[PDB]
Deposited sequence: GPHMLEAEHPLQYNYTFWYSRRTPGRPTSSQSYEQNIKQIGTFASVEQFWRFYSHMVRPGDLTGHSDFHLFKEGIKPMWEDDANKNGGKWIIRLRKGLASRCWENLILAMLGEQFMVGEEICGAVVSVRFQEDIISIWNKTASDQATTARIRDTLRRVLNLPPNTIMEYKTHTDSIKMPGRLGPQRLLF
């Protein structure tokens, strides 16, 4: 016979976890608490196998360059040695969900991709040509992530990522 109150911490946006090995939705959440429920019940990308990707995008934005939100868009990319993907992915999405980037509506979502010899984490934004936004995104990534300064970060438009070596 308890007597309880319950209220959850709202996020600036609703977000959707996606998965790919065809990209499929895992679920959508709107609160910090609901986020941990989804996150704590997913395998961490470090413990993932083969050629799989996690995606965490604003609700309504599909993690595909074709999506209208990703027109004229781009992404910062970090190539990581094996063993860093789980911690980096966590820090990135916690920073994204916490609105640490401070670029208005420019963020679309974050990806982590486990590959054969390395891992890749990326964050997408809407306007590739907005240098003030891409630099602020860059500056936040170096902070919220604990990567050495000489860690190379690459910014590419989505077209730069399609049909190229």
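For this chain, the deposited residues without C-alpha positions form the stretches 22-35, 180-189, given in sequence order.
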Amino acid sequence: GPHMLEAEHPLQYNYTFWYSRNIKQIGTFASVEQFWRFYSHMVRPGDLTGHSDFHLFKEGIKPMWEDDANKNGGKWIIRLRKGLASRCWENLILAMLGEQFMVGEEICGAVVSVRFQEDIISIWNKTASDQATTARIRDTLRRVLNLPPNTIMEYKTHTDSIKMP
From here on, numbers count along this sequence of modelled residues.
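Just so we're on the same page, rigid core means the largest C-alpha set that superposes within 1.5 Å between forms.
Relative to the displayed structure, the C-alphas of 45-53 lie farther away on average in 6 other deposited structures of this protein than those of the other candidate, with 105-113 and 45-53 compared after rigid core superposition.
Rigid core fits of the other structures in 6 other deposited structures of this protein place the C-alpha atoms of one stretch farther away on average; of 8-16 and 148-156, that stretch is 148-156. Between the stretches 143-151 and 6-14, it is 143-151 that shows the larger average CA temperature factor. In this entry, the higher average B-factor at the C-alpha atoms falls on 46-54, of the pair 46-54 and 27-35. Based on the entry's C-alpha B-factors, the most elevated value among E99, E59, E118, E106 belongs to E118. Among the modelled residues of its chain, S122 has a C-alpha B-factor that falls in the lowest third, as given in the PDB entry.
The PDB entry assigns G74 a C-alpha temperature factor belonging to the lowest third of its chain's modelled residues.
For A85, the recorded CA B-factor ranks within the highest third of the chain. Only modelled residues enter the ranking. For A132, the recorded CA temperature factor ranks within the highest third of the chain's modelled residues.
The entry lists a Cα temperature factor for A110 that places it in the lowest third of the chain's modelled residues.
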